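In what follows, a single structure is set out as structure tokens and then discussed.
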Amino acid sequence: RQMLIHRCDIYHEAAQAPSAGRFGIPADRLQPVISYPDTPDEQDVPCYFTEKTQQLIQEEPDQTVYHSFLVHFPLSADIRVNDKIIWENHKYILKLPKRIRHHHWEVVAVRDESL
């Protein structure tokens, strides 16, 4: 089947500097504040999709977007679950576990705002 190459930016979840919250109770080391950085950790990374799924997110007028897809990445790429990938201005989160097949990292990406 045809395999068009797409380009996305990837952001890894990261532990944020301890910051006492609510009455400034001391932060727990075993429970850091997890979030993404301002800028991409990886940029313009090559990939291609399969098992693409679409969904209607609006009516009158209708609106259809990709809900999820199995992303295929080069093995040299740093892929982590809960990664946020930006493809054509939309956010996606890597959900299910990733794995190696055909010398590629395979992992499911899911529409951010549907989480």
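Please note that chains go A, B, ... in the order of the structure tokens, that every chain numbers its residues from 1, and that ligands are numbered from 1 in the order shown.
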Any chance you could tabulate, as JSON lines, the residues of region 32-84 of chain A at most 10 Å from region 103-110 of chain A with each one's nearest atom pair and distance in Å to one decimal, using only C-alpha atoms, in chain and rising number order?
{"residue": "A:47", "atom": "CA", "partner": "A:104", "partner_atom": "CA", "distance": 9.4}
{"residue": "A:48", "atom": "CA", "partner": "A:106", "partner_atom": "CA", "distance": 9.9}
{"residue": "A:49", "atom": "CA", "partner": "A:108", "partner_atom": "CA", "distance": 9.4}
{"residue": "A:50", "atom": "CA", "partner": "A:108", "partner_atom": "CA", "distance": 9.6}
{"residue": "A:51", "atom": "CA", "partner": "A:108", "partner_atom": "CA", "distance": 9.1}
{"residue": "A:52", "atom": "CA", "partner": "A:109", "partner_atom": "CA", "distance": 9.7}
{"residue": "A:53", "atom": "CA", "partner": "A:110", "partner_atom": "CA", "distance": 9.5}
{"residue": "A:66", "atom": "CA", "partner": "A:110", "partner_atom": "CA", "distance": 8.5}
{"residue": "A:67", "atom": "CA", "partner": "A:110", "partner_atom": "CA", "distance": 6.0}
{"residue": "A:68", "atom": "CA", "partner": "A:110", "partner_atom": "CA", "distance": 4.3}
{"residue": "A:69", "atom": "CA", "partner": "A:109", "partner_atom": "CA", "distance": 5.5}
{"residue": "A:70", "atom": "CA", "partner": "A:108", "partner_atom": "CA", "distance": 4.3}
{"residue": "A:71", "atom": "CA", "partner": "A:107", "partner_atom": "CA", "distance": 5.3}
{"residue": "A:72", "atom": "CA", "partner": "A:106", "partner_atom": "CA", "distance": 4.8}
{"residue": "A:73", "atom": "CA", "partner": "A:105", "partner_atom": "CA", "distance": 5.0}
{"residue": "A:74", "atom": "CA", "partner": "A:104", "partner_atom": "CA", "distance": 5.1}
{"residue": "A:75", "atom": "CA", "partner": "A:104", "partner_atom": "CA", "distance": 4.9}
{"residue": "A:76", "atom": "CA", "partner": "A:104", "partner_atom": "CA", "distance": 8.6}
{"residue": "A:77", "atom": "CA", "partner": "A:105", "partner_atom": "CA", "distance": 8.0}
{"residue": "A:78", "atom": "CA", "partner": "A:105", "partner_atom": "CA", "distance": 9.2}
{"residue": "A:79", "atom": "CA", "partner": "A:105", "partner_atom": "CA", "distance": 7.4}
{"residue": "A:80", "atom": "CA", "partner": "A:107", "partner_atom": "CA", "distance": 9.2}
{"residue": "A:81", "atom": "CA", "partner": "A:107", "partner_atom": "CA", "distance": 8.3}
{"residue": "A:82", "atom": "CA", "partner": "A:109", "partner_atom": "CA", "distance": 9.2}
{"residue": "A:83", "atom": "CA", "partner": "A:109", "partner_atom": "CA", "distance": 9.0}
{"residue": "A:84", "atom": "CA", "partner": "A:109", "partner_atom": "CA", "distance": 8.7}
Mind dumping the selected residues with C-alpha atoms as a short mmCIF file (atom, residue, chain, number, x, y, z; two decimals), in the first residue's frame?
data_model
loop_
_atom_site.label_atom_id
_atom_site.label_comp_id
_atom_site.auth_asym_id
_atom_site.auth_seq_id
_atom_site.Cartn_x
_atom_site.Cartn_y
_atom_site.Cartn_z
CA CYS A 47 6.78 9.15 9.96
CA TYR A 48 3.86 7.53 8.15
CA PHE A 49 0.46 6.32 9.32
CA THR A 50 -1.81 3.28 9.02
CA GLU A 51 -5.02 2.20 10.80
CA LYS A 52 -6.20 5.80 10.42
CA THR A 53 -9.49 6.66 12.10
CA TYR A 66 -8.36 12.16 12.45
CA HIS A 67 -9.12 10.55 15.80
CA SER A 68 -6.12 8.27 15.88
CA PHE A 69 -3.60 6.33 13.83
CA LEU A 70 -0.75 3.92 14.20
CA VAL A 71 2.40 6.00 13.75
CA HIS A 72 5.53 4.46 12.24
CA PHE A 73 8.81 6.16 13.23
CA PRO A 74 12.46 5.58 12.32
CA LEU A 75 14.22 3.42 14.91
CA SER A 76 16.73 6.22 15.54
CA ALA A 77 13.88 8.39 16.82
CA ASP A 78 13.35 8.90 20.59
CA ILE A 79 9.75 7.72 21.09
CA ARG A 80 8.11 7.67 24.52
CA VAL A 81 4.53 7.03 25.55
CA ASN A 82 2.56 10.11 26.57
CA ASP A 83 4.68 11.99 24.06
CA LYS A 84 2.85 14.88 22.44
#
Selection: 6 Å around region 5-12 of chain A, only C-alpha atoms, excl. self and same-chain fewer than 5 positions, as a tab-separated table (two decimals) with N, CA and C atoms, in the first residue's frame:
chain	number	residue	atom	x	y	z
A	40	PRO	N	9.74	22.02	21.02
A	40	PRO	CA	9.85	20.60	20.67
A	40	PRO	C	11.19	20.00	21.07
A	41	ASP	N	11.15	18.75	21.55
A	41	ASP	CA	12.38	18.06	21.92
A	41	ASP	C	13.00	17.54	20.62
A	42	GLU	N	12.14	17.09	19.72
A	42	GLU	CA	12.56	16.58	18.42
A	42	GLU	C	11.78	17.40	17.39
A	43	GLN	N	12.39	17.67	16.24
A	43	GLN	CA	11.73	18.49	15.24
A	43	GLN	C	11.68	17.90	13.84
A	44	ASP	N	10.59	18.18	13.14
A	44	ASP	CA	10.40	17.72	11.77
A	44	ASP	C	10.79	16.24	11.61
A	45	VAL	N	10.27	15.40	12.49
A	45	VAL	CA	10.56	13.97	12.45
A	45	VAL	C	9.70	13.27	11.40
A	46	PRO	N	10.31	12.38	10.59
A	46	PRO	CA	9.61	11.64	9.54
A	46	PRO	C	8.84	10.45	10.09
A	47	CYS	N	7.63	10.25	9.55
A	47	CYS	CA	6.78	9.15	9.96
A	47	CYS	C	5.70	8.91	8.90
A	48	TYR	N	4.95	7.83	9.06
A	48	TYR	CA	3.86	7.53	8.15
A	48	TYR	C	2.79	6.80	8.95
A	83	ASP	N	4.00	10.96	24.82
A	83	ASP	CA	4.68	11.99	24.06
A	83	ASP	C	3.58	12.78	23.39
A	84	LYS	N	3.82	14.06	23.15
A	84	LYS	CA	2.85	14.88	22.44
A	84	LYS	C	3.46	15.14	21.07
A	85	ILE	N	2.74	14.79	20.01
A	85	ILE	CA	3.27	15.05	18.68
A	85	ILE	C	2.36	16.05	17.99
A	86	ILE	N	2.98	16.96	17.24
A	86	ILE	CA	2.24	17.99	16.52
A	86	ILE	C	2.38	17.70	15.03
A	87	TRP	N	1.25	17.40	14.38
A	87	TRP	CA	1.23	17.13	12.95
A	87	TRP	C	0.18	18.03	12.34
Measure the distance from CA of residue 112 (chain A) to CA of residue 59 (chain A) in Å and round it to one decimal. 20.0 Å
Using only C-alpha atoms, the best pick from A:13, A:57, A:25, A:18 as closest to residue 94 (chain A) would be A:13
